[PDB]
Amino acid sequence: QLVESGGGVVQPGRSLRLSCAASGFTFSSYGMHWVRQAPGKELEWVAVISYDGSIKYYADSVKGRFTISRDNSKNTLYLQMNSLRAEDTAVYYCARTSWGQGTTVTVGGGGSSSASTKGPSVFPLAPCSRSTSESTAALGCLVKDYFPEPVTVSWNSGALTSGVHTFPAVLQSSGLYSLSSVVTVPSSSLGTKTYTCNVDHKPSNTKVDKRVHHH
Amino acid sequence: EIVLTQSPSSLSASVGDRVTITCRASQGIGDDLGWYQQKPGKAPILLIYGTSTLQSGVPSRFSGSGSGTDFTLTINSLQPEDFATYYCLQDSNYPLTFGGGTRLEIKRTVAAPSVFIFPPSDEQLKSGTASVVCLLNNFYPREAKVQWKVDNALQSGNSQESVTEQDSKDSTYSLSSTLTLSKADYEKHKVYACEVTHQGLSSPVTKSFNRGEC
């Protein structure tokens, strides 16, 4: 059993130390690896340490900034990350040469300098007019400008789940996240039935209900 | 460093098919290549190591072959749980390097998207930004083309796309394209249009709206 810990939101140029607690085997006789995975990207090997800690290797993208270490009497692997860049944002796993479930590291003070956590603005997605001929219409909520991940979206307090699509968030140029949640409903129901999206962003303790109409 | 070229980056298949995934090393690595499998939100799992040696607990329908430069992962009689992303890893030297990855998804009948267009809300406009949203609903295959036109001027570099995971019940995808403008830039133009090209459409489909008519 390998459990990673220490991940969190960090500002660029600052540091952060990740830990990897090992259990269920002889940690002292096996080499250890740090691997990372950026969002939407493949796996990237970060570092390796030998069983006795004598041999260490790094990836050149992190050389001089990251430092791998270990304690064989506490059975713990450590990764000290200095001068973090935005490209270091990734899920970090430790692996015995069995993987842990990883810990997420997000570099980017986006949101602002003195309130990195920022709640989202929720805007209705509604058609200009009720389309004739077309029997199905679509509605939604745009969840924009929040940090960090994640947000959850329900519809009608969970009573509406069929046909709901909540898209994965995208990272905007500002460094804030944005997504949309949509639902397909009958055109005869448009303008008469109520359709409310419920957005929850626990990092900022934000709970916003938004009714979707054309105005 | 040794580069592993993985092919293909995406692969469609049916349950019961035999699947082939390849990795080419930029230099000789002997037998020091393995295959991992990964599902969304979970840690990767080592399927094969030493080119051909299978890991314990992995079904015998997974097999591995290779010389010293070209390597192949083969999945016989594809099962529903085998749909995931697969990575090849070399460890003959340092740094350890992975392949680009192969997203293995389930094949289904061609299904055209349902296209909808959404204008920006006035409440967002009052903040200085306008997001125009084009939605492609429940389509297959995943490949599609979405073009924005503002007074028939094709837009480039001002839109972001987002795709859902393959739906667990009907095996389709959905896509959103968000066009971002300033409020001033938005109000200086009239007609906002989204054209969608997809295999399931006999011709590209346009959804548009008119400012001042909305």
Side-chain angles (χ1 to χ4, degrees), chain A residues 33 35-46 48 59 61 90-91 93 95 97 99, chain B residues 1-23 25-40 42-108 140-144 163 165-166 171 173 199:
Chain A
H33 297 249
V35 187
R36 77 181 173 183
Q37 174 172 249
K41 288 225 306 165
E42 64 288 45
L43 296 142
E44 179 183 20
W45 175 83
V46 175
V48 69
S61 69
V91 180
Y93 312 88
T97 183
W99 294 40
Chain B
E1 94 280 2
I2 313 193
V3 184
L4 300 186
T5 296
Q6 193 155 349
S7 282
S9 95
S10 65
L11 178 49
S12 317
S14 297
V15 163
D17 284 358
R18 157 197 259 261
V19 154
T20 286
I21 300 178
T22 54
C23 270
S26 48
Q27 69 184 60
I29 60 178
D31 290 329
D32 295 309
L33 189 126
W35 293 96
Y36 283 89
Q37 183 202 251
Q38 192 185 31
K39 300 191 176 179
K42 303 263 182 267
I45 287 139
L46 193 276
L47 294 191
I48 291 174
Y49 64 95
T51 295
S52 44
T53 300
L54 188 60
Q55 184 90 315
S56 65
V58 190
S60 44
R61 62 178 181 266
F62 292 91
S63 61
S65 79
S67 46
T69 166
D70 298 292
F71 301 83
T72 298
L73 168 63
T74 288
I75 318 178
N76 274 274
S77 313
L78 202 62
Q79 291 310 286
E81 59 267 26
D82 303 334
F83 294 92
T85 297
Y86 293 88
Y87 294 104
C88 68
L89 165 73
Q90 67 88 24
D91 54 356
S92 79
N93 83 332
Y94 299 93
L96 272 61
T97 47
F98 293 82
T102 297
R103 187 182 47 92
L104 178 53
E105 58 111 14
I106 182 144
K107 192 178 306 185
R108 79 176 300 289
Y140 184 95
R142 189 181 189 265
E143 299 68 30
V163 191
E165 305 279 2
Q166 192 168 30
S171 311
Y173 297 88
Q199 182 178 345

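By convention in this document, chain letters (A, B, ...) are assigned in the order of the sequence lines, proteins followed by strands, and residues within each chain are numbered from 1. Both backbone and side-chain heavy atoms feed into the values below; hydrogens, waters and symmetry mates do not.
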Look at atom CD of B:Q199 and say whether more than 12 heavy atoms of other residues, nucleotides or ligands are closer to it than 6.0 Å. no
When you measure from the side chain of B:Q79 to the backbone N and O of B:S77, does any donor-acceptor pair fall under 3.5 Å? yes
Atom of B:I2, atom of B:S92 and distance for their closest heavy-atom approach: CD1-OG, 3.8 Å
Tell me which one of B:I29, B:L4, B:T22 satisfies side chain to side chain contact (heavy atoms under 4.5 Å, CB included) with B:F71. B:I29
Distance check, rounded to the nearest 0.5 Å: B:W35 atom CH2 versus B:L47 atom CG? 10.0 Å
Please confirm whether the backbone N or O of B:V3 pairs with a side-chain atom of B:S26, one donor and one acceptor, at under 3.5 Å? yes
Derivation of the side-chain contact (heavy atoms from CB on, under 4.5 Å) call for B:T85 and B:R103: CA-CA 4 Å; B:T85 297; B:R103 187 182 47 92; 4.0 Å; yes
Give a yes or no on whether the backbone of B:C23 and the side-chain of B:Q6 come within a donor-acceptor separation of less than 3.5 Å. no
Tell me, which pairs form a salt bridge (charged side-chain N to carboxylate O under 4.0 Å, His left out) where one or both residues lie in residues 71-83 of chain B, sequence neighbours left out? B:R61-B:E81, B:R61-B:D82
Can you list the steps and then say if B:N76 with B:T74 is a side-chain contact (heavy atoms from CB on, under 4.5 Å)? CA-CA 6 Å; B:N76 274 274; B:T74 288; 3.7 Å; yes
For the pair B:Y140 and B:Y173, name the ring-plane relationship: parallel under 30°, tilted 30 to 60°, perpendicular over 60°. parallel
With side chain to side chain contact (heavy atoms under 4.5 Å, CB included) as the test, pick out the partner of B:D32 among B:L96, B:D91, B:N93. B:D91
Could you check whether any side-chain N or O of B:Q27 sits under 3.5 Å from a backbone N or O of B:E1, counting only pairs where one atom can act as donor and the other as acceptor? no
Where A:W45 and A:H33 come nearest, the two heavy atoms and their spacing: NE1-ND1, 3.0 Å
B:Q90 side chain to B:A25 backbone, donor-acceptor under 3.5 Å: no
Separation of B:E143 CD from B:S12 OG (nearest 0.5 Å): 6.5 Å
Hits for side-chain hydrogen bond (donor to acceptor under 3.5 Å, both in side chains) against A:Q37, two or more places apart or cross-chain, chain-then-number order -> B:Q38
